[PDB]
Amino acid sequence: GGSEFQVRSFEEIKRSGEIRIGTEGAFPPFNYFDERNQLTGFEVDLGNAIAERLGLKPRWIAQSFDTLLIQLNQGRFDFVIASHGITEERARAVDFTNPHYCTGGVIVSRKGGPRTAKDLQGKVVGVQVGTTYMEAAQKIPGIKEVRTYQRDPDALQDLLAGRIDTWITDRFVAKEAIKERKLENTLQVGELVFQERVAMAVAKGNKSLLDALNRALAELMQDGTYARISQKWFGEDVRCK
């Protein structure tokens, strides 16, 4: 049905009483569609909690990962929460909040397969488009072929099928996919290639909303709500530092 695109200040959002949140929905357990086809995950629970702390009704918009930061700047939504690591290149285009979790990227292979970056010379490596995983693979240039996917779970499918040697993805995403599919004797998590701080994003220059999100996040972190949502999803506290 389309929508009115606008980069909205915090007070413009408050007048409307609803906050528009962009996410992907193909990155379990952070943001994904469940078995009854409803949007859920750690970041959805956290997004909802942020909206509530700002006195706002959340309206969720799911779309392809590579589109998110473009449509944010175009005004499709007010903020994005979809597991973006903070990087210098992205910060040119969007403003990041303080990070809502810390993580890193790992090499995942079948048992006996490549464990570390130096082992990827001559191999086929699968990554999601526009990710810090793709960037890491582009920095391991002895790779025979970097196969890039629109959706991260498709790279995993190709790993299991033998079409790639190695999948580079989030450490929590890899751990859960292995538990979830009972792959403990099939796949092998190797080197932590890099660490990253993961944050919400607002349109470039949208400082009023940026400040309001940071205030809400700090409030969730002090009032136990963040700790509760992190326990629910991970059985541990996943906050930075």
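Note that residue numbering begins at 1 and tracks the sequence as displayed.
Problem - Stretch with the higher entry mean CA B-factor, where the candidates are 19 to 27 and 213 to 221 - result: Higher mean C-alpha B-factor: 213 to 221.
Exercise for the section: Averaging only over Cα atoms, indicate whether 111 to 119 or 93 to 101 has the higher B-factor in the PDB entry. Expected result: 111 to 119 has the higher mean C-alpha B-factor.
Exercise for the section: Among all modelled residues of this chain, ranked by Cα B factor, put residue 158 in the bottom, middle or top third, i.e. lowest, middle or highest. Expected result: It belongs to the highest third of the chain when residues are ordered by C-alpha B-factor.
Handout entry: Entry-reported Cα temperature factor of residue 152, expressed as the chain third it lands in
Key = Middle third of the chain for residue 152's C-alpha B-factor.
Practice task
Taking the chain's C-alpha temperature factors as the reference, tell me which third residue 171 falls into: lowest, middle or highest.
Solution key: For residue 171, the deposited C-alpha B-factor lands in the middle third.
Exercise for the section: Relative to the other modelled residues of the same chain, rank the CA B-factor of residue 45 and answer lowest, middle or highest third. Expected result: Residue 45: CA B-factor falls in the middle third of its chain.
Handout entry: Within-chain third of residue 88 by Cα B-factor, per the entry
Key = Tercile = highest for this residue's CA B-factor.
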